[PDB]
>>> print(open('input_12.txt').read())   # compact mmCIF, C-alpha atoms and all ligand atoms
# COMPACT_ATOMS: atom_id res chain seq x y z
CA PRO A 7 0.00 0.00 0.00
CA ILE A 8 3.08 2.19 0.38
CA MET A 9 3.22 4.97 -2.22
CA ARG A 10 6.50 6.73 -2.97
CA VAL A 11 6.87 10.17 -4.50
CA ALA A 12 9.68 12.46 -5.60
CA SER A 13 10.16 16.05 -6.57
CA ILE A 14 12.85 17.74 -8.63
CA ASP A 15 13.44 21.43 -8.42
CA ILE A 16 15.51 23.05 -11.15
CA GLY A 17 16.71 26.29 -9.60
CA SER A 18 18.83 29.04 -11.08
CA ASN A 19 21.92 27.54 -9.52
CA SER A 20 20.98 24.13 -8.16
CA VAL A 21 19.02 21.05 -9.11
CA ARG A 22 17.36 19.10 -6.32
CA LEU A 23 15.78 15.67 -5.91
CA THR A 24 13.61 14.44 -3.02
CA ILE A 25 11.94 11.01 -3.00
CA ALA A 26 9.51 10.14 -0.17
CA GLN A 27 6.61 7.78 0.61
CA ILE A 28 3.47 7.38 2.68
CA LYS A 29 3.03 4.53 5.17
CA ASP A 30 -0.56 4.98 6.32
CA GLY A 31 -0.69 8.57 7.49
CA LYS A 32 2.97 9.59 7.65
CA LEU A 33 5.17 10.97 4.88
CA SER A 34 8.95 10.74 5.19
CA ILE A 35 12.05 11.74 3.24
CA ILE A 36 14.26 8.83 2.25
CA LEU A 37 16.85 10.76 0.26
CA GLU A 38 17.82 14.27 -0.76
CA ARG A 39 20.35 14.95 -3.50
CA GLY A 40 21.42 18.22 -5.07
CA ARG A 41 23.95 19.47 -7.60
CA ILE A 42 25.07 22.91 -8.73
CA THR A 43 24.87 23.57 -12.45
CA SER A 44 24.14 27.28 -12.25
CA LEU A 45 21.62 27.00 -15.07
CA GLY A 46 20.79 30.64 -14.48
CA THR A 47 24.25 31.97 -15.38
CA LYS A 48 24.17 35.29 -17.29
CA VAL A 49 20.55 34.76 -18.33
CA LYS A 50 19.50 38.35 -17.67
CA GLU A 51 22.30 39.99 -19.69
CA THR A 52 22.37 37.53 -22.59
CA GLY A 53 18.70 36.56 -22.67
CA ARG A 54 20.03 33.06 -23.08
CA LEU A 55 20.67 29.76 -21.30
CA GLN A 56 24.35 28.84 -21.70
CA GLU A 57 24.71 25.57 -23.61
CA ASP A 58 27.29 24.02 -21.26
CA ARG A 59 25.06 24.76 -18.25
CA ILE A 60 22.10 23.25 -20.04
CA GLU A 61 24.36 20.34 -20.85
CA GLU A 62 25.53 19.94 -17.25
CA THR A 63 21.95 20.21 -15.94
CA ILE A 64 20.56 17.63 -18.37
CA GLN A 65 23.18 15.10 -17.32
CA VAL A 66 22.21 15.55 -13.68
CA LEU A 67 18.49 15.25 -14.52
CA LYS A 68 19.22 11.88 -16.07
CA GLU A 69 21.50 10.99 -13.19
CA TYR A 70 18.48 11.82 -11.04
CA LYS A 71 15.77 9.91 -12.91
CA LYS A 72 18.02 6.88 -12.53
CA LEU A 73 17.13 7.01 -8.82
CA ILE A 74 13.50 7.97 -9.32
CA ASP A 75 12.76 4.94 -11.49
CA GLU A 76 14.97 2.88 -9.21
CA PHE A 77 12.70 3.45 -6.21
CA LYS A 78 9.94 3.10 -8.78
CA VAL A 79 8.20 6.08 -7.19
CA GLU A 80 4.75 6.09 -8.83
CA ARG A 81 4.37 9.90 -8.71
CA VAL A 82 6.91 12.47 -9.82
CA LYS A 83 6.66 16.22 -10.29
CA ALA A 84 9.41 18.57 -11.50
CA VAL A 85 9.41 22.35 -11.44
CA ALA A 86 11.72 25.20 -12.47
CA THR A 87 12.33 28.89 -11.59
CA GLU A 88 10.61 31.35 -13.85
CA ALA A 89 13.99 33.09 -13.90
CA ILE A 90 14.83 30.77 -16.83
CA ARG A 91 11.79 32.14 -18.65
CA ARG A 92 13.85 35.08 -19.90
CA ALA A 93 15.82 32.72 -22.10
CA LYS A 94 14.76 32.12 -25.70
CA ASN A 95 16.04 28.56 -25.43
CA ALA A 96 13.94 28.08 -22.29
CA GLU A 97 11.23 26.17 -24.18
CA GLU A 98 13.86 24.38 -26.24
CA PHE A 99 15.48 23.27 -23.01
CA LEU A 100 12.16 22.10 -21.55
CA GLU A 101 11.75 20.12 -24.76
CA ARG A 102 15.10 18.30 -24.50
CA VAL A 103 14.44 17.35 -20.92
CA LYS A 104 11.20 15.81 -22.13
CA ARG A 105 12.69 13.35 -24.59
CA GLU A 106 16.31 13.03 -23.48
CA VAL A 107 15.35 12.47 -19.84
CA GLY A 108 11.69 11.72 -20.35
CA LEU A 109 10.63 14.36 -17.83
CA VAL A 110 7.91 17.03 -17.87
CA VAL A 111 9.07 20.25 -16.22
CA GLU A 112 6.59 22.88 -15.11
CA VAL A 113 7.96 26.40 -14.77
CA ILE A 114 6.29 28.03 -11.79
CA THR A 115 5.90 31.57 -10.44
CA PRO A 116 7.29 32.98 -7.17
CA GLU A 117 3.71 32.89 -5.90
CA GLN A 118 3.30 29.23 -6.85
CA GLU A 119 6.44 28.32 -4.97
CA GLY A 120 4.93 30.18 -2.03
CA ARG A 121 1.84 28.03 -2.36
CA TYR A 122 3.97 24.86 -2.39
CA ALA A 123 6.09 25.98 0.59
CA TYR A 124 2.89 26.80 2.49
CA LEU A 125 1.61 23.26 1.91
CA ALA A 126 4.78 21.78 3.35
CA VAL A 127 4.14 23.86 6.48
CA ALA A 128 0.52 22.79 6.77
CA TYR A 129 1.65 19.18 6.87
CA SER A 130 4.84 19.38 8.89
CA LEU A 131 3.66 21.87 11.48
CA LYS A 132 -0.11 21.60 11.20
CA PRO A 133 -0.51 25.27 12.21
CA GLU A 134 -3.71 26.41 13.94
CA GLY A 135 -5.90 29.43 13.22
CA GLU A 136 -5.10 31.92 10.50
CA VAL A 137 -1.51 31.40 9.43
CA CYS A 138 0.97 33.45 7.47
CA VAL A 139 3.97 31.68 6.02
CA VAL A 140 6.78 34.16 5.49
CA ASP A 141 9.31 32.81 2.99
CA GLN A 142 12.24 35.19 2.89
CA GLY A 143 14.57 34.32 0.03
CA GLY A 144 17.44 35.79 -1.96
CA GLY A 145 15.42 37.16 -4.85
CA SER A 146 12.37 38.06 -2.80
CA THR A 147 10.08 37.23 0.08
CA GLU A 148 6.60 35.76 -0.15
CA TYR A 149 3.85 36.19 2.41
CA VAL A 150 1.31 33.35 2.18
CA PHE A 151 -1.98 33.52 4.08
CA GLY A 152 -4.39 30.66 4.64
CA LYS A 153 -6.15 28.25 6.99
CA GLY A 154 -5.34 24.55 7.21
CA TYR A 155 -4.41 23.32 3.72
CA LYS A 156 -6.26 26.30 2.26
CA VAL A 157 -4.44 29.27 0.74
CA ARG A 158 -6.16 32.67 1.12
CA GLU A 159 -3.64 34.97 -0.55
CA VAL A 160 -0.06 35.12 -1.70
CA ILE A 161 1.87 38.36 -1.98
CA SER A 162 5.39 38.48 -3.38
CA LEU A 163 7.54 41.45 -2.40
CA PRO A 164 10.47 42.52 -4.64
CA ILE A 165 12.51 42.99 -1.43
CA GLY A 166 15.41 40.72 -2.40
CA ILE A 167 18.04 40.41 0.33
CA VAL A 168 20.78 40.90 -2.26
CA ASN A 169 19.57 44.14 -3.85
CA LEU A 170 18.12 45.25 -0.55
CA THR A 171 21.61 44.76 0.89
CA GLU A 172 23.29 46.55 -2.00
CA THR A 173 20.96 49.53 -1.67
CA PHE A 174 20.86 50.43 2.04
CA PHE A 175 24.13 48.90 3.29
CA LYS A 176 27.18 50.61 1.82
CA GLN A 177 29.58 49.58 4.61
CA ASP A 178 30.44 46.19 6.08
CA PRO A 179 29.23 46.24 8.72
CA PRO A 180 26.73 49.04 7.92
CA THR A 181 26.33 52.38 9.68
CA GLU A 182 23.46 53.24 12.02
CA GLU A 183 21.89 55.63 9.51
CA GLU A 184 21.95 52.98 6.79
CA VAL A 185 20.24 50.49 9.11
CA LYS A 186 17.71 53.22 9.86
CA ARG A 187 16.79 53.99 6.23
CA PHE A 188 16.71 50.21 5.85
CA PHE A 189 13.97 49.91 8.45
CA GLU A 190 12.04 52.94 7.25
CA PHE A 191 11.85 51.25 3.88
CA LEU A 192 11.09 47.82 5.30
CA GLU A 193 8.28 49.58 7.17
CA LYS A 194 6.78 51.23 4.13
CA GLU A 195 6.85 48.05 2.08
CA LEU A 196 5.80 45.70 4.87
CA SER A 197 2.79 47.65 6.08
CA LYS A 198 1.22 46.60 2.80
CA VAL A 199 0.92 42.93 3.82
CA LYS A 200 -0.28 43.56 7.36
CA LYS A 201 -3.24 41.25 8.11
CA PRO A 202 -4.72 39.75 11.27
CA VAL A 203 -3.01 36.40 11.94
CA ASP A 204 -2.70 33.96 14.80
CA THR A 205 0.46 32.11 13.87
CA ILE A 206 3.40 33.30 11.77
CA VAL A 207 5.58 30.46 10.45
CA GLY A 208 9.15 31.23 9.35
CA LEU A 209 10.87 29.83 6.24
CA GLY A 210 14.18 29.94 4.34
CA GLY A 211 17.95 29.62 4.69
CA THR A 212 18.31 32.77 6.79
CA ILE A 213 15.78 31.81 9.50
CA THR A 214 16.89 28.16 9.74
CA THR A 215 20.46 29.41 10.08
CA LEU A 216 19.08 31.63 12.85
CA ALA A 217 17.51 28.64 14.62
CA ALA A 218 20.74 26.62 14.49
CA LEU A 219 22.41 29.71 15.85
CA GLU A 220 19.97 30.09 18.73
CA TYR A 221 19.92 26.42 19.66
CA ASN A 222 23.62 25.62 19.29
CA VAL A 223 22.87 23.09 16.54
CA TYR A 224 26.13 22.71 14.65
CA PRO A 225 26.20 19.68 12.44
CA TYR A 226 22.92 20.84 10.89
CA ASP A 227 20.09 18.58 11.97
CA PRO A 228 16.57 19.40 10.70
CA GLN A 229 14.77 18.16 13.83
CA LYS A 230 16.65 20.26 16.32
CA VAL A 231 15.49 23.13 14.12
CA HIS A 232 12.06 22.31 12.68
CA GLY A 233 9.15 23.47 14.80
CA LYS A 234 11.42 25.57 17.00
CA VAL A 235 10.30 28.94 18.31
CA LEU A 236 11.98 32.29 17.87
CA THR A 237 10.70 35.09 20.07
CA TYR A 238 11.20 38.69 18.96
CA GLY A 239 13.91 38.87 21.63
CA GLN A 240 16.06 35.90 20.57
CA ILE A 241 15.92 37.28 17.04
CA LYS A 242 16.84 40.83 17.98
CA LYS A 243 19.73 39.39 19.98
CA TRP A 244 21.33 38.08 16.83
CA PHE A 245 20.54 41.02 14.62
CA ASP A 246 22.45 43.04 17.21
CA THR A 247 25.37 40.64 17.26
CA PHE A 248 26.01 40.61 13.50
CA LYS A 249 25.24 44.27 12.84
CA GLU A 250 28.25 45.01 15.04
CA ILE A 251 30.60 43.03 12.83
CA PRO A 252 31.59 42.59 9.16
CA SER A 253 30.28 39.65 7.10
CA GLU A 254 33.63 37.87 7.45
CA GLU A 255 33.82 37.81 11.24
CA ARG A 256 30.32 36.29 11.25
CA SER A 257 31.51 33.54 8.93
CA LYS A 258 34.63 32.90 10.98
CA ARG A 259 33.03 32.94 14.44
CA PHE A 260 29.76 31.21 13.59
CA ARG A 261 29.96 27.81 11.87
CA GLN A 262 26.32 27.82 10.83
CA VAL A 263 26.86 30.89 8.66
CA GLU A 264 27.59 30.07 4.99
CA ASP A 265 30.09 32.54 3.51
CA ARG A 266 27.60 33.20 0.73
CA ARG A 267 25.05 34.22 3.38
CA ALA A 268 27.51 35.91 5.77
CA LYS A 269 26.88 39.39 4.33
CA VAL A 270 23.29 39.51 3.09
CA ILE A 271 22.13 37.70 6.25
CA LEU A 272 21.84 41.04 8.06
CA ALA A 273 19.00 42.36 5.89
CA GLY A 274 17.45 38.89 6.02
CA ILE A 275 17.34 39.00 9.80
CA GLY A 276 15.99 42.52 9.51
CA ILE A 277 12.97 41.47 7.45
CA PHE A 278 11.94 38.85 10.00
CA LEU A 279 12.49 41.40 12.74
CA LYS A 280 10.36 44.22 11.28
CA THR A 281 7.73 41.68 10.18
CA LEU A 282 6.98 40.59 13.75
CA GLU A 283 6.67 44.30 14.49
CA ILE A 284 4.07 45.04 11.78
CA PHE A 285 2.15 41.82 12.37
CA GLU A 286 2.52 42.68 16.05
CA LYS A 287 3.76 39.31 17.31
CA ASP A 288 6.14 38.01 19.98
CA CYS A 289 7.48 35.08 18.00
CA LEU A 290 7.13 32.77 15.02
CA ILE A 291 7.59 29.04 14.37
CA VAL A 292 10.45 27.93 12.11
CA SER A 293 10.01 25.40 9.32
CA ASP A 294 12.63 23.20 7.70
CA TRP A 295 10.17 22.19 4.98
CA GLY A 296 9.50 24.40 1.98
CA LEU A 297 8.93 24.33 -1.76
CA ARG A 298 10.83 21.12 -2.50
CA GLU A 299 8.91 19.31 0.26
CA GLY A 300 5.67 21.19 -0.49
CA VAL A 301 5.61 19.78 -4.00
CA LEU A 302 5.75 16.26 -2.55
CA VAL A 303 3.00 17.19 -0.11
CA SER A 304 0.55 17.70 -2.97
CA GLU A 305 -0.49 14.03 -2.62
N1 LIG A 401 24.95 25.02 -0.04
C1 LIG A 401 24.70 25.75 -1.13
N2 LIG A 401 23.44 26.14 -1.39
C2 LIG A 401 23.15 26.89 -2.47
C3 LIG A 401 24.15 27.27 -3.35
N3 LIG A 401 23.58 28.00 -4.30
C4 LIG A 401 22.28 28.08 -4.04
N4 LIG A 401 22.01 27.41 -2.92
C5 LIG A 401 20.66 27.18 -2.36
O1 LIG A 401 19.77 26.63 -3.35
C6 LIG A 401 18.65 27.53 -3.47
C7 LIG A 401 19.03 28.69 -4.38
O2 LIG A 401 19.40 28.26 -5.69
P1 LIG A 401 18.49 27.20 -6.47
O3 LIG A 401 18.73 25.79 -6.06
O4 LIG A 401 18.80 27.43 -8.03
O5 LIG A 401 16.96 27.63 -6.20
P2 LIG A 401 16.28 28.92 -6.89
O6 LIG A 401 16.93 29.09 -8.35
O7 LIG A 401 14.80 28.80 -6.96
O8 LIG A 401 16.74 30.19 -6.03
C8 LIG A 401 18.56 28.14 -2.07
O9 LIG A 401 18.19 27.15 -1.12
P3 LIG A 401 17.18 27.55 0.07
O10 LIG A 401 17.87 27.68 1.38
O11 LIG A 401 16.02 26.44 0.09
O12 LIG A 401 16.48 28.92 -0.39
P4 LIG A 401 17.03 30.32 0.19
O13 LIG A 401 15.90 30.95 1.16
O14 LIG A 401 18.56 30.40 0.66
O15 LIG A 401 17.01 31.21 -0.98
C9 LIG A 401 20.04 28.50 -1.92
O16 LIG A 401 20.33 28.75 -0.55
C10 LIG A 401 25.46 26.87 -3.13
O17 LIG A 401 26.36 27.18 -3.91
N5 LIG A 401 25.74 26.09 -1.99
>>> encode(input="input_12.txt", output="structure tokens")
Amino acid sequence: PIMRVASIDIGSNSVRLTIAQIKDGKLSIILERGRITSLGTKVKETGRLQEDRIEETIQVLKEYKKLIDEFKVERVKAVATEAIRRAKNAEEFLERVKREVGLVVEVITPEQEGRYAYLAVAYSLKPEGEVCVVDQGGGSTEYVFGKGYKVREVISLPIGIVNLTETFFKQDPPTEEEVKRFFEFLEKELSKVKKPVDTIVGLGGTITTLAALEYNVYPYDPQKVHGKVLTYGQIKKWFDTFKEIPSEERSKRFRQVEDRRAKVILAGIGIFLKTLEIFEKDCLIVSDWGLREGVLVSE
């Protein structure tokens, strides 16, 4: 009676696989693989998908389906960033994947991904009352409102940690004024999503890094993190810490901080901070499950 499923997310830089199955009522992850192909390389400036990248990605996709079929998972979905939509060869690519790897890839919007992530949260955390999943990412953050497995509304804010960090922070670490204009802005933009909620669930690399931080979880374990709480205080404690030091010292002194995140992580912490303010809340619940797991959730 056991049914196994798998999901494959083709990101702008990574490709991920996740096969799982359902006993009676429980769903569990049996494997998680991921490889960097950087399929998104120079897409914006060239309006093209580099052939070698496409080549590298396709090989991995096959490498992946080898496992899918292996576990004979009778249900497989594959999605891709819409970022690749700016490439003329985007459809051509999608085509090749179809016959060369025998795989149907659905490009999805930043809102759709929000919807998927939200679903992963409804199953892994079973939130109560009105819930708002806040998925802060590198390109942008999505606020997803709903009840149970029902999605009310999804709003996607252009507030990408990278550009947001390039704009307001001109020094590493930044100056007090900079941090101030940063929050004025955050305020303006965030007041737009303000809605009455009961439980705010936190998502993304920044906030799970923050949990590991707060709970002294070094070798990353997604059980000592998932479902953990993060009061406004614990969060403000760490914003304060980092703000006082340059991206590098954060990387050096704190093992859970990925060099790639080390810098931008300030603004990321900021968003979560100001959000609790606007939504007037003392804390939020952190989730290790997101898009990749949310896709599987759908059945
Ligand atoms: N370890 C590692 N991870 C990488 C690297 N590059 C990207 N990632 C992770 O993979 C996702 C971003 O790239 P993709 O896989 O292409 O996904 P995407 O195009 O939809 O953004 C994010 O995972 P995420 O945490 O689920 O989303 P996020 O909130 O950080 O954005 C990001 O942190 C890398 O070089 N090393």
>>> atom_distance(input="input_12.txt", atom1="atom CA of residue A:170", atom2="atom CA of residue A:274")
9.2 Å
>>> residues_near_ligand(input="input_12.txt", ligand="ligand LIG 401 (chain A)", cutoff="9 Å", atoms="all atoms listed in the file", output="VMD selection string")
chain A and resid 15 to 22 40 to 46 86 to 90 116 119 141 to 147 209 to 214 264 266 to 267 294 to 298
>>> write_last_selection(input="input_12.txt", atoms="C-alpha atoms", output="PDB file, keeping the file's coordinate frame")
ATOM      1  CA  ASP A  15      13.440  21.430  -8.420  1.00  0.00           C
ATOM      2  CA  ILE A  16      15.510  23.050 -11.150  1.00  0.00           C
ATOM      3  CA  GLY A  17      16.710  26.290  -9.600  1.00  0.00           C
ATOM      4  CA  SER A  18      18.830  29.040 -11.080  1.00  0.00           C
ATOM      5  CA  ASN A  19      21.920  27.540  -9.520  1.00  0.00           C
ATOM      6  CA  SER A  20      20.980  24.130  -8.160  1.00  0.00           C
ATOM      7  CA  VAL A  21      19.020  21.050  -9.110  1.00  0.00           C
ATOM      8  CA  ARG A  22      17.360  19.100  -6.320  1.00  0.00           C
ATOM      9  CA  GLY A  40      21.420  18.220  -5.070  1.00  0.00           C
ATOM     10  CA  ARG A  41      23.950  19.470  -7.600  1.00  0.00           C
ATOM     11  CA  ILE A  42      25.070  22.910  -8.730  1.00  0.00           C
ATOM     12  CA  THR A  43      24.870  23.570 -12.450  1.00  0.00           C
ATOM     13  CA  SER A  44      24.140  27.280 -12.250  1.00  0.00           C
ATOM     14  CA  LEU A  45      21.620  27.000 -15.070  1.00  0.00           C
ATOM     15  CA  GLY A  46      20.790  30.640 -14.480  1.00  0.00           C
ATOM     16  CA  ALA A  86      11.720  25.200 -12.470  1.00  0.00           C
ATOM     17  CA  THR A  87      12.330  28.890 -11.590  1.00  0.00           C
ATOM     18  CA  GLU A  88      10.610  31.350 -13.850  1.00  0.00           C
ATOM     19  CA  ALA A  89      13.990  33.090 -13.900  1.00  0.00           C
ATOM     20  CA  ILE A  90      14.830  30.770 -16.830  1.00  0.00           C
ATOM     21  CA  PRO A 116       7.290  32.980  -7.170  1.00  0.00           C
ATOM     22  CA  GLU A 119       6.440  28.320  -4.970  1.00  0.00           C
ATOM     23  CA  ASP A 141       9.310  32.810   2.990  1.00  0.00           C
ATOM     24  CA  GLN A 142      12.240  35.190   2.890  1.00  0.00           C
ATOM     25  CA  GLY A 143      14.570  34.320   0.030  1.00  0.00           C
ATOM     26  CA  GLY A 144      17.440  35.790  -1.960  1.00  0.00           C
ATOM     27  CA  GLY A 145      15.420  37.160  -4.850  1.00  0.00           C
ATOM     28  CA  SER A 146      12.370  38.060  -2.800  1.00  0.00           C
ATOM     29  CA  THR A 147      10.080  37.230   0.080  1.00  0.00           C
ATOM     30  CA  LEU A 209      10.870  29.830   6.240  1.00  0.00           C
ATOM     31  CA  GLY A 210      14.180  29.940   4.340  1.00  0.00           C
ATOM     32  CA  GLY A 211      17.950  29.620   4.690  1.00  0.00           C
ATOM     33  CA  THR A 212      18.310  32.770   6.790  1.00  0.00           C
ATOM     34  CA  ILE A 213      15.780  31.810   9.500  1.00  0.00           C
ATOM     35  CA  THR A 214      16.890  28.160   9.740  1.00  0.00           C
ATOM     36  CA  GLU A 264      27.590  30.070   4.990  1.00  0.00           C
ATOM     37  CA  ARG A 266      27.600  33.200   0.730  1.00  0.00           C
ATOM     38  CA  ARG A 267      25.050  34.220   3.380  1.00  0.00           C
ATOM     39  CA  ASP A 294      12.630  23.200   7.700  1.00  0.00           C
ATOM     40  CA  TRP A 295      10.170  22.190   4.980  1.00  0.00           C
ATOM     41  CA  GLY A 296       9.500  24.400   1.980  1.00  0.00           C
ATOM     42  CA  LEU A 297       8.930  24.330  -1.760  1.00  0.00           C
ATOM     43  CA  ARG A 298      10.830  21.120  -2.500  1.00  0.00           C
TER      44      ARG A 298
END
>>> atom_distance(input="input_12.txt", atom1="atom CA of residue A:303", atom2="atom CA of residue A:204")
23.2 Å
>>> residues_around(input="input_12.txt", residues="stretch 136-138 of chain A", least_positions_apart="5", cutoff="12 Å", atoms="only C-alpha atoms", output="MDAnalysis selection string")
chainID A and resid 120:121 123:125 127:128 131 148:161 199:209 281:282 285 287 290:292
>>> residues_around(input="input_12.txt", residues="residue A:28", least_positions_apart="6", cutoff="8 Å", atoms="only C-alpha atoms", output="list in words")
residues 8, 9, 10 and 34 of chain A
>>> closest_residue(input="input_12.txt", among="A:55, A:289, A:272, A:107", to="residue A:179", atoms="only C-alpha atoms")
A:272
>>> closest_residue(input="input_12.txt", among="A:268, A:37, A:301, A:279", to="residue A:240", atoms="all atoms listed in the file")
A:279
>>> closest_residue(input="input_12.txt", among="A:236, A:288, A:300, A:178", to="residue A:252", atoms="all atoms listed in the file")
A:178
>>> atom_distance(input="input_12.txt", atom1="atom CA of residue A:47", atom2="atom CA of residue A:59")
7.8 Å
>>> closest_residue(input="input_12.txt", among="A:126, A:103, A:110, A:275", to="residue A:305", atoms="only C-alpha atoms")
A:126
>>> closest_residue(input="input_12.txt", among="A:61, A:112, A:283, A:117", to="residue A:193", atoms="only C-alpha atoms")
A:283
>>> residues_near_point(input="input_12.txt", point="(20.1, 25.4, 14.3)", cutoff="12 Å", atoms="all atoms listed in the file", output="PDB file with C-alpha atoms, in the frame of the given file")
ATOM      1  CA  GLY A 211      17.950  29.620   4.690  1.00  0.00           C
ATOM      2  CA  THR A 212      18.310  32.770   6.790  1.00  0.00           C
ATOM      3  CA  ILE A 213      15.780  31.810   9.500  1.00  0.00           C
ATOM      4  CA  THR A 214      16.890  28.160   9.740  1.00  0.00           C
ATOM      5  CA  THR A 215      20.460  29.410  10.080  1.00  0.00           C
ATOM      6  CA  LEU A 216      19.080  31.630  12.850  1.00  0.00           C
ATOM      7  CA  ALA A 217      17.510  28.640  14.620  1.00  0.00           C
ATOM      8  CA  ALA A 218      20.740  26.620  14.490  1.00  0.00           C
ATOM      9  CA  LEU A 219      22.410  29.710  15.850  1.00  0.00           C
ATOM     10  CA  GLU A 220      19.970  30.090  18.730  1.00  0.00           C
ATOM     11  CA  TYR A 221      19.920  26.420  19.660  1.00  0.00           C
ATOM     12  CA  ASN A 222      23.620  25.620  19.290  1.00  0.00           C
ATOM     13  CA  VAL A 223      22.870  23.090  16.540  1.00  0.00           C
ATOM     14  CA  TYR A 224      26.130  22.710  14.650  1.00  0.00           C
ATOM     15  CA  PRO A 225      26.200  19.680  12.440  1.00  0.00           C
ATOM     16  CA  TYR A 226      22.920  20.840  10.890  1.00  0.00           C
ATOM     17  CA  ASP A 227      20.090  18.580  11.970  1.00  0.00           C
ATOM     18  CA  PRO A 228      16.570  19.400  10.700  1.00  0.00           C
ATOM     19  CA  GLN A 229      14.770  18.160  13.830  1.00  0.00           C
ATOM     20  CA  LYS A 230      16.650  20.260  16.320  1.00  0.00           C
ATOM     21  CA  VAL A 231      15.490  23.130  14.120  1.00  0.00           C
ATOM     22  CA  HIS A 232      12.060  22.310  12.680  1.00  0.00           C
ATOM     23  CA  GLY A 233       9.150  23.470  14.800  1.00  0.00           C
ATOM     24  CA  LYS A 234      11.420  25.570  17.000  1.00  0.00           C
ATOM     25  CA  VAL A 235      10.300  28.940  18.310  1.00  0.00           C
ATOM     26  CA  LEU A 236      11.980  32.290  17.870  1.00  0.00           C
ATOM     27  CA  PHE A 260      29.760  31.210  13.590  1.00  0.00           C
ATOM     28  CA  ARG A 261      29.960  27.810  11.870  1.00  0.00           C
ATOM     29  CA  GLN A 262      26.320  27.820  10.830  1.00  0.00           C
ATOM     30  CA  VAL A 263      26.860  30.890   8.660  1.00  0.00           C
ATOM     31  CA  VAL A 292      10.450  27.930  12.110  1.00  0.00           C
ATOM     32  CA  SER A 293      10.010  25.400   9.320  1.00  0.00           C
ATOM     33  CA  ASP A 294      12.630  23.200   7.700  1.00  0.00           C
TER      34      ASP A 294
END
>>> build_atoms(input="input_12.txt", residues="stretch 250-261 of chain A", atoms="N, CA, C and O atoms", output="PDB file, in the coordinates of the input")
ATOM      1  N   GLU A 250      27.029  44.467  14.454  1.00  0.00           N
ATOM      2  CA  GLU A 250      28.250  45.010  15.040  1.00  0.00           C
ATOM      3  C   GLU A 250      29.535  44.507  14.411  1.00  0.00           C
ATOM      4  O   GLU A 250      30.623  44.961  14.766  1.00  0.00           O
ATOM      5  N   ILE A 251      29.419  43.578  13.468  1.00  0.00           N
ATOM      6  CA  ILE A 251      30.600  43.030  12.830  1.00  0.00           C
ATOM      7  C   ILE A 251      30.442  42.823  11.338  1.00  0.00           C
ATOM      8  O   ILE A 251      29.328  42.717  10.837  1.00  0.00           O
ATOM      9  N   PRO A 252      31.569  42.793  10.609  1.00  0.00           N
ATOM     10  CA  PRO A 252      31.590  42.590   9.160  1.00  0.00           C
ATOM     11  C   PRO A 252      31.263  41.146   8.787  1.00  0.00           C
ATOM     12  O   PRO A 252      31.516  40.219   9.572  1.00  0.00           O
ATOM     13  N   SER A 253      30.693  40.968   7.596  1.00  0.00           N
ATOM     14  CA  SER A 253      30.280  39.650   7.100  1.00  0.00           C
ATOM     15  C   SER A 253      31.291  38.532   7.392  1.00  0.00           C
ATOM     16  O   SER A 253      30.916  37.417   7.770  1.00  0.00           O
ATOM     17  N   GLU A 254      32.570  38.839   7.219  1.00  0.00           N
ATOM     18  CA  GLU A 254      33.630  37.870   7.450  1.00  0.00           C
ATOM     19  C   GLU A 254      33.696  37.337   8.877  1.00  0.00           C
ATOM     20  O   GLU A 254      33.716  36.128   9.097  1.00  0.00           O
ATOM     21  N   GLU A 255      33.723  38.238   9.851  1.00  0.00           N
ATOM     22  CA  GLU A 255      33.820  37.810  11.240  1.00  0.00           C
ATOM     23  C   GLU A 255      32.634  36.931  11.639  1.00  0.00           C
ATOM     24  O   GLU A 255      32.744  36.113  12.555  1.00  0.00           O
ATOM     25  N   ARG A 256      31.503  37.101  10.956  1.00  0.00           N
ATOM     26  CA  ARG A 256      30.320  36.290  11.250  1.00  0.00           C
ATOM     27  C   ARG A 256      30.589  34.868  10.767  1.00  0.00           C
ATOM     28  O   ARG A 256      30.268  33.882  11.445  1.00  0.00           O
ATOM     29  N   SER A 257      31.173  34.799   9.574  1.00  0.00           N
ATOM     30  CA  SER A 257      31.510  33.540   8.930  1.00  0.00           C
ATOM     31  C   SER A 257      32.511  32.791   9.796  1.00  0.00           C
ATOM     32  O   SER A 257      32.320  31.626  10.139  1.00  0.00           O
ATOM     33  N   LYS A 258      33.577  33.485  10.160  1.00  0.00           N
ATOM     34  CA  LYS A 258      34.630  32.900  10.980  1.00  0.00           C
ATOM     35  C   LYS A 258      34.144  32.400  12.336  1.00  0.00           C
ATOM     36  O   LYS A 258      34.359  31.244  12.684  1.00  0.00           O
ATOM     37  N   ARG A 259      33.495  33.276  13.095  1.00  0.00           N
ATOM     38  CA  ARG A 259      33.030  32.940  14.440  1.00  0.00           C
ATOM     39  C   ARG A 259      31.803  32.043  14.543  1.00  0.00           C
ATOM     40  O   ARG A 259      31.626  31.355  15.549  1.00  0.00           O
ATOM     41  N   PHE A 260      30.950  32.042  13.528  1.00  0.00           N
ATOM     42  CA  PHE A 260      29.760  31.210  13.590  1.00  0.00           C
ATOM     43  C   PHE A 260      29.664  30.201  12.456  1.00  0.00           C
ATOM     44  O   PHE A 260      29.328  30.546  11.321  1.00  0.00           O
ATOM     45  N   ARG A 261      29.972  28.948  12.793  1.00  0.00           N
ATOM     46  CA  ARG A 261      29.960  27.810  11.870  1.00  0.00           C
ATOM     47  C   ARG A 261      28.703  27.620  11.033  1.00  0.00           C
ATOM     48  O   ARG A 261      28.766  27.095   9.923  1.00  0.00           O
TER      49      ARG A 261
END
